[PDB]
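A short worksheet on the structure shown next.
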Amino acid sequence: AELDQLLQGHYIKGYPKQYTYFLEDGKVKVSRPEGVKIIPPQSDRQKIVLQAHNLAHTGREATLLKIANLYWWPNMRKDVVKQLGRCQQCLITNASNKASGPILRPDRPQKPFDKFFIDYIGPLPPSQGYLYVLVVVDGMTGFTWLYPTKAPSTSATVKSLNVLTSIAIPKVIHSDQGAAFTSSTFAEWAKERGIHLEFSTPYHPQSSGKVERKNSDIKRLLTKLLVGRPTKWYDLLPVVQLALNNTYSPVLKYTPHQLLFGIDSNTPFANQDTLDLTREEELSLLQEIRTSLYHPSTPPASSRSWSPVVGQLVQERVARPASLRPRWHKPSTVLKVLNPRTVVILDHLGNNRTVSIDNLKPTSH
Amino acid sequence: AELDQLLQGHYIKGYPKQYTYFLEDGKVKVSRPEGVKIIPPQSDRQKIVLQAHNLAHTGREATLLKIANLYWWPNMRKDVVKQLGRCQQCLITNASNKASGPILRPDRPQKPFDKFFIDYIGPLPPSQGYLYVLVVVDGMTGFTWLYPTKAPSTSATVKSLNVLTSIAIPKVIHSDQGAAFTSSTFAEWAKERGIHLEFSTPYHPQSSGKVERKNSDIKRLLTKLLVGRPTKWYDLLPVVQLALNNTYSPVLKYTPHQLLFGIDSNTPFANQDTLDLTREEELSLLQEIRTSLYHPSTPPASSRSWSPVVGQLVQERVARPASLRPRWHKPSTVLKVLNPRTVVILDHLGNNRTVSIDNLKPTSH
Amino acid sequence: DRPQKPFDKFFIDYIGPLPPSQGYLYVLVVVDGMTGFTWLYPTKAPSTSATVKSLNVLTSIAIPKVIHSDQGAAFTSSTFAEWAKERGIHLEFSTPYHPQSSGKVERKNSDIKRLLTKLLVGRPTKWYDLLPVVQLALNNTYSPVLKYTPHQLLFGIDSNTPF
Amino acid sequence: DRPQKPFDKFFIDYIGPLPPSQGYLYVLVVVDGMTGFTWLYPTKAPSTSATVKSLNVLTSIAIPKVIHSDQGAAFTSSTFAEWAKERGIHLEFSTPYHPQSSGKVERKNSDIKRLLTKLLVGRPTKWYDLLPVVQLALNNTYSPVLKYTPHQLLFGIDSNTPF
DNA sequence: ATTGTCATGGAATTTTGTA
DNA sequence: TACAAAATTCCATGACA
DNA sequence: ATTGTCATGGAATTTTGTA
DNA sequence: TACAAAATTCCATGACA
Ligand SMILES: Cc1nnc(C(=O)NC(C)(C)c2nc(C(=O)NCc3ccc(F)cc3)c(O)c(=O)n2C)o1
Ligand SMILES: Cc1nnc(C(=O)NC(C)(C)c2nc(C(=O)NCc3ccc(F)cc3)c(O)c(=O)n2C)o1
Ligand SMILES: [Mn+2]
Ligand SMILES: [Mn+2]
Ligand SMILES: [Mn+2]
Ligand SMILES: [Mn+2]
Ligand SMILES: [Mn+2]
Ligand SMILES: [Mn+2]
Ligand SMILES: [N+]
Ligand SMILES: [N+]
Ligand SMILES: [Zn+2]
Ligand SMILES: [Zn+2]
C-alpha cells in the first residue's frame, strides 16, 4: 500500500524518520524506544482497534495499552477515540465523569397564594384507615396544610383542596408528575378555578423541593412525638400542622404563620412586638418584611461540571433500569435550553421532553 | 426570691444595671432595647425552656426565639442548650451536621494470596437455575474468580472455594457480615485450612470495597454483553472473568493477570516485552514491580469533620429503621479507638461493638 | 386602649336546620371580630361534639384569644367549656335573648343568612359543595368601611378572586 | 532460541477409570510444561465433551499457546480440534505408542499416578474431595532441579502451605 | 476485634521530533 | 535553547444491593 | 413547556457592659 | 479607645419515597 514508500527511505506525514523501518514475515515492523512493533496497513487499523476494545469494552487508555503491546502507528489514540464514539454499547452503559452545573435558587413567590407546592407522603402505618398525607406548602410564607388520605389519588386530592381553597385561591400549583396530579380530572378541576398547574421535570424531587423539605420536618416531628407510643399519627397531624406553622426559621427570624398573617394567634409564646400598631400600620410593616427576606444565591460550579448547549449530543437516564440492563438511553439532541439547568430534548424517538440536567449525561466523543 | 434585691437597685452577677427593673402584675419586668420582657424566678426557668422547646422540639435558635418573645434572663441560651442535651427524643431522631473524618487507604497486600476479598452479587435474572455470583478478588493483584450459585449460602460458598484453593491457599479472607460468611460452618472450614477470617464493620460495604469495586466492573461488562440479547449471563461468566483479569488498570499500567503471573498467557494482544528474559530474571522483575506500585494517600479532611476520642458520647444509626421511628440509637460510649475511622463501643446495653464512624454521630451537647 | 387585631375574638353561631345535603344539616359560622373573615363548617347536629370537631380544624390554622356565642346548649356545656380551657381560649357569652356582638359582625352575619337563602333555593339539596364558593365570596367582599375585603385585612395582600 | 515460559505448553492426559467417587470416574491431568504446575479435573468419561467442559474452566485463568497429548479419541476428535482453533491454541500430538513429552513432565506425571494410588487405597471411594489437597501438595513440592516448587515458578512468591 | 476502590475522559502537564 | 502538537499523566465523578 | 430547601449546632464574627 | 465574654450570625451537612 502506502507503506511501500517508507521501507525505501522516503518520508510520510507522521511516520518520523530516525527509526529504521524494516520487513519481517511480510509485515512492516519498526524499532522504537518502547521496543519493536508492527505497523498495520491503514485498512486494517479500524479492525484492530475494535478487536482490542471489544475484549472488555475498555476506555481510551485501557484500549490503547493492549494495542501498544503489538502495534504502532501515528496518532493511535485519535483512532481509538473514534471507536469509543461509535460503540453503541459503551455509550449507553458507562456512567458520566462530569457533574451537572451549579443548582439554581428560584426567587420566593412575592405574595402568599402566588404559588402552592404539593406532594404526597406515604404509605405510612395505618391510622384510622388512612395511609397517606397530602402536604400543601405556600411558597411565599412556607405555611403548610396537612390532609390525611386513604390513597394518593386525584379524587382525594380534589376533596382536600376544595377545603383548602375555601380560605383562598392560589395562582399556581406546582407538583411532581405523580399519577394523582397529572390526571385529566385534576387538570380540569384546576382550570375550573383559574389555577395554573405546573410540574417539575420527571424524576427530580428537588424541584418540588420546597414541599419535600417540609416533608422532612413533618416526618421528623411525628417521629419525635411517637417515640415509645404505637404509631397513631392521624390525631397528631393538626398538632404538627400548628407546631410547624408557628416555628421560627432561624434564617428569617419569622414563623410561617407570621409571614402569612403579620400577627401571632393565641399560641404559646406569642410575640407581642406590634401590639401598639393599628392593624394598618402592622399590615404594611408585614408587607415590607416579606420583600426584605433573605434570599440565597447559587453555589460555585464544581470544577468539572457541564452546561447544556443547543444541539448537543446528550443522553437521558433510564427510568427503572432492569437487572443487568443499560443505565442510559440512546443519544438525543438538545432542542431548547429553558435555563442553565433544564432542557428540552428530542428523545426516543422522537418526542419533545422537558428534562433536568441531573438526569442527563453529555455523550462523550 | 433573689430577684427581691434587684427591684431595690442592688446589683447581681449578670442582670446588668442601666435598665430599669420594675414590677407589674406581681411579675418582675424589664425595659430592654428589644422591648419590655418578663424575668422568671430561677426555679421557673427550666419549666419555661422545656415548654417552649416541646412545641416543635426545636434546636437552639428556634427555641430561644420563642422564649425571647415573652421573657428575658441572663445567659438564656446556656439554659436552652442544657435542655437540648436532655431531650431523649431530639437526640435519637435529629440527623448530624458533622461529616465523618477523611477515609483511610489501607496498604496493598504484599503478596498474592496474602488476602482474599469476597462478596455475593444478586439475586439476578435466572440463568440455568442459578441466581447469585460469588466474586473472589485477590487483594494484591486484583485477580478475580467468579462462581455461579443458586443461593448466597455457606454451603455453596464452601463448594466454590474448595475449587479455588485447589490452586493456592490464602492467608486471610475478608468479607461482609452476610449470613453466608459469619456462620459457624464457614468459620471452621476456614480454620481447618489455617485461613484467618476477617469481617468489615456492620453496614459498611466500603470496607469490602476492593470486591465491591470489582462487582461494578462485572455488572457493567455483563450489561454491555447483553444489550439486545435475553439476560443469559451464566455462560458469559468465564469470558467476563478472563476479560477483566486481563484488563490494564490505567494507573498501574498492568492487568491483574500480569501482576499474578508476570507473563501474559495466550490472550489477544499479549505483551511480549519480557520475551528474552529467563523465567528467573522475569520473576524478580515482577517481584520489583509489585512493590513499586502506585498507592493513594488519604484525602484532606472536610472542613466540618469529627474524630472519635476515647470516652465520647456517640450514637449508632438504626439498622432498618421502621416507618416514623428514630433514625438513631440511644447514646453510647467510645471504648477503644481501633483507628481514626473504626471504633469499639459499649452499646444497648451493653455489648462491645466494632463500628465504622460512618454509622456514628457524636452526641451533641 | 390597645387597637383591635385578627384572632382577638371569634364570633360563632349555628345556622340550621337546613334541607339535607350530603347528610349534613347545620352550618357553624365563625367570623373574625376585627377583619370579618368567615369560616363555614357543615355539621350533622348543633352539638358540642360537632362544634369541637369543627373548631379543631379551624384551630390548626389559628387560635383566638376569645370566642363569643349565644347561650345555646352546644357552647354552654362543660365539655366545650373544658375544650376551650385546654387551648387557653377565654369564653364569652351574650345574655339570653339580647345577642350583643359587633356592628360589623351583625352585618356580616346578616349577609351570610341572605346569601345562604339566596343560592339555597333552586338547589336546596346541593348547598354543601357550594360552601367553598360562598366562603370565598363573603371574605372577598368590600366592606363599606375600610373599602377592604376581610381577605385583605387578614393577609394584607389582594386575592386572585375578586368580586 | 527464546527461553521457556509458563503457558508455553500444557500437557494433558486422562487417568482412569477409577472407583466411582461422587459419580466421577476419570481425572484429566494438566501440567504446565515449564513450571510443572498441575491442574486436576474429575470427569465422568474420557470424552471430548468432558475435556472441553474441564478446559473451559482452566482457560478462564490462562490460555496456553500449545496443548500436547496422546492420540486418545478425546483429543483427536474434530470437535476438540475446533475448540482449540477458536481459542487460538495450537495442538500437538505424540506419535502412537511413543509418548514424547518433557523430562520434568514425565517425572511429575509419574508422581501424580503414585500419589493417587497411595492415598486412593484405604478410601478408594472418596478421592474426589481429596483432589484439592493433592493438587496443592504436588504444586508445592520441591523439584530436585531449581529447588523450586511449581507454585514458586508460577507466582514468584512462597505459598502459605509448604511441604 | 479494623480500615474504600478505580475505570473513565477531558484538562493539564510533560515529552517528543524537528530546528 | 525553542517551538506545536502528540503522548502522557492528572484527577473529579460515580457506583459496587 | 422550567428551576432545590432549610433545621441544626459548633465555629467564627459582631455587639455588648463596663472601663 | 479597650477589653472578655455574651449574643449573633455563618455555614456545611443531611434528608424529604
Ligand atoms: C414522572 C415520575 N415518575 N416517578 C417520579 C418520581 O419522582 N419518583 C420518585 C420515586 C423519585 C418520587 N420521589 C418523591 C420524593 O419526595 N422523593 C424523595 C426526595 C425528596 C427531595 C429530594 F431532594 C430528593 C429525594 C416523591 O414525592 C414522589 O412523588 N416520587 C414519585 O416522577
Ligand atoms: C451485618 C450486615 N447486615 N447487613 C449488612 C449490609 O451491609 N447490607 C447491605 C444491604 C448494605 C449490603 N450491601 C452490599 C453492597 O455491596 N452494597 C453496595 C455498595 C457497595 C460499595 C459501596 F461503597 C457502597 C455500597 C453487600 O454486598 C451486602 O452483602 N450487603 C449485606 O451488613
Ligand atoms: Mn410525590
Ligand atoms: Mn416527595
Ligand atoms: Mn455482600
Ligand atoms: Mn456487595
Ligand atoms: Mn344560635
Ligand atoms: Mn492417555
Ligand atoms: N425565578
Ligand atoms: N494498613
Ligand atoms: Zn465498547
Ligand atoms: Zn426535643
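Residues in the C-alpha cells are named by chain (A, B, ... in the order shown) and by number from 1 within that chain; ligands are numbered from 1 in the order shown.
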
Subject >> Test item: residues at most 9 Å from residue 134 of chain D, only C-alpha atoms (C1' of nucleotides), excluding those fewer than 6 positions along its chain, as an MDAnalysis selection string >> reply: (chainID B and resid 166) or (chainID D and resid 40 112 115:116)

Within 10 Å of ligand 12 (counting only C-alpha atoms (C1' of nucleotides) and all ligand atoms), which residues show up? I'd like them as a tab-separated table (two decimals) with C-alpha atoms, in the first residue's frame.
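And here's pocket-v8.tsv as it stands now:
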chain	number	residue	atom	x	y	z
A	221	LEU	CA	-41.61	15.87	64.38
A	224	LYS	CA	-40.40	12.53	67.88
A	225	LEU	CA	-43.97	12.59	69.08
B	50	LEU	CA	-38.95	22.97	78.24
B	52	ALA	CA	-41.08	26.34	74.54
B	53	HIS	CA	-38.88	23.53	73.24
B	54	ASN	CA	-41.62	20.89	73.44
B	55	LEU	CA	-43.77	22.84	70.95
B	56	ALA	CA	-41.85	21.51	67.94
B	57	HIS	CA	-38.72	20.05	69.59
B	58	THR	CA	-36.73	22.86	68.10
B	59	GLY	CA	-32.97	23.48	68.26
B	63	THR	CA	-36.30	27.59	70.84
B	83	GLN	CA	-32.25	21.16	77.74
B	84	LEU	CA	-31.37	20.15	74.19
B	85	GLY	CA	-28.86	17.76	75.79
B	86	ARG	CA	-31.55	16.09	77.90
B	87	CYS	CA	-34.32	15.74	75.31
B	88	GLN	CA	-34.12	11.98	74.75
B	89	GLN	CA	-36.36	12.50	71.70
B	90	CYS	CA	-34.33	15.09	69.79
B	91	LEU	CA	-31.10	13.15	70.36
B	92	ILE	CA	-32.24	9.92	68.73
B	93	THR	CA	-34.21	11.47	65.85
B	94	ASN	CA	-32.28	14.55	64.59

Original post:
For chain B, which residues have at least one atom within 12 Å of chain H, if we go by only C-alpha atoms (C1' of nucleotides)? Write them as a VMD selection string, please.
Top reply: chain B and resid 14 61 64 74 to 78 94 to 100 302 to 305 323 327 361

**OP:** Quick one: pick out all helix (DSSP H, G or I) residues within chain C from a backbone DSSP run and write them as an MDAnalysis selection string.
**Re:** chainID C and resid 48:58 73:76 78:86 103:120 131:139 150:155

Original post:
Which residues, written as a PyMOL selection string, have at least one atom at most 6 Å from segment 4-19 of chain G, with only C-alpha atoms (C1' of nucleotides) counted and residues fewer than 5 positions away on the same chain left out?
Top reply: chain A and resi 206-207+209-210+213

Preceding selection exported with N, CA and C atoms as a CSV table (one decimal), in the first residue's frame:
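Output below, filename selection.csv:
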chain,number,residue,atom,x,y,z
A,206,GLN,N,-36.2,17.3,43.7
A,206,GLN,CA,-35.6,18.5,44.2
A,206,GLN,C,-36.4,19.7,43.7
A,207,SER,N,-37.1,19.6,42.6
A,207,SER,CA,-37.9,20.7,42.0
A,207,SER,C,-39.1,21.0,42.9
A,209,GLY,N,-39.0,20.8,45.8
A,209,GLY,CA,-38.1,20.8,46.9
A,209,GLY,C,-38.6,21.6,48.1
A,210,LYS,N,-39.4,22.6,47.9
A,210,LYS,CA,-40.0,23.4,48.9
A,210,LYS,C,-41.0,22.5,49.7
A,213,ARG,N,-38.8,19.5,51.4
A,213,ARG,CA,-38.2,19.9,52.7
A,213,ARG,C,-39.2,20.1,53.8

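Pairwise distance (atom CA of residue 212 of chain B, atom 20 (C, counted along the ligand's line) of ligand 2) equals 5.1 Å.
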
**OP:** Counting only C-alpha atoms (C1' of nucleotides) and all ligand atoms, name the residues that have an atom within 9 Å of an atom of ligand 5; the answer should be given as JSON, numbers by chain.
**Re:** {"B": [118, 119, 120, 121, 122, 152, 175, 176, 177, 178, 180, 205, 208, 212], "F": [17]}

Those residues with C-alpha atoms (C1' of nucleotides), as a PDB file, in the first residue's frame please?
ATOM      1  CA  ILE B 118     -15.227 -11.996  48.862  1.00  0.00           C
ATOM      2  CA  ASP B 119     -18.847 -10.951  48.250  1.00  0.00           C
ATOM      3  CA  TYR B 120     -22.064 -12.164  46.686  1.00  0.00           C
ATOM      4  CA  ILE B 121     -23.796 -10.455  43.823  1.00  0.00           C
ATOM      5  CA  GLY B 122     -27.551 -10.985  43.345  1.00  0.00           C
ATOM      6  CA  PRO B 152     -25.831 -16.858  48.797  1.00  0.00           C
ATOM      7  CA  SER B 175     -15.956 -10.470  53.893  1.00  0.00           C
ATOM      8  CA  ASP B 176     -19.066  -8.545  54.871  1.00  0.00           C
ATOM      9  CA  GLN B 177     -21.091  -9.856  57.781  1.00  0.00           C
ATOM     10  CA  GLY B 178     -23.549 -11.538  55.420  1.00  0.00           C
ATOM     11  CA  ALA B 180     -23.104 -16.911  54.474  1.00  0.00           C
ATOM     12  CA  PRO B 205     -19.828  -2.086  52.175  1.00  0.00           C
ATOM     13  CA  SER B 208     -15.268  -4.895  51.332  1.00  0.00           C
ATOM     14  CA  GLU B 212     -17.393  -4.179  45.613  1.00  0.00           C
TER      15      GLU B 212
ATOM     16  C1'  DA F  17     -27.841  -4.414  46.860  1.00  0.00           C
TER      17       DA F  17
END

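Nearest to chain A of all the residues B:261, B:145, B:248, B:294 is B:248, counting only C-alpha atoms.
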
Subject >> Contacts of ligand 9, 10 Å or closer, only C-alpha atoms (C1' of nucleotides) and all ligand atoms, given as a VMD selection string >> reply: (chain A and resid 104 to 109) or (chain G and resid 2 to 3)

Subject >> Distance query residue 265 of chain B at most 6 Å, only C-alpha atoms (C1' of nucleotides), self and fewer than 6 positions along chain excluded, as a PyMOL selection string >> reply: chain D and resi 7+62-63

Contacts with ligand 8 at most 6 Å, only C-alpha atoms (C1' of nucleotides) and all ligand atoms counted, listed as a compact mmCIF listing (two decimals) with N, CA, C and O atoms, in the first residue's frame:
# COMPACT_ATOMS: atom_id res chain seq x y z
N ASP D 13 -3.60 -35.35 29.87
CA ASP D 13 -3.86 -36.78 29.75
C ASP D 13 -4.95 -37.18 30.70
O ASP D 13 -5.25 -36.46 31.66
N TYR D 14 -5.55 -38.34 30.43
CA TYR D 14 -6.57 -38.90 31.29
C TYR D 14 -6.00 -40.04 32.12
O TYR D 14 -5.32 -40.92 31.58
N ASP D 70 -1.60 -37.45 24.03
CA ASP D 70 -1.56 -38.70 23.27
C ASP D 70 -2.70 -38.73 22.26
O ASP D 70 -3.59 -37.87 22.30
N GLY D 72 -5.35 -40.19 21.96
CA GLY D 72 -6.60 -40.69 22.50
C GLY D 72 -7.79 -40.09 21.79
O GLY D 72 -7.74 -38.95 21.34
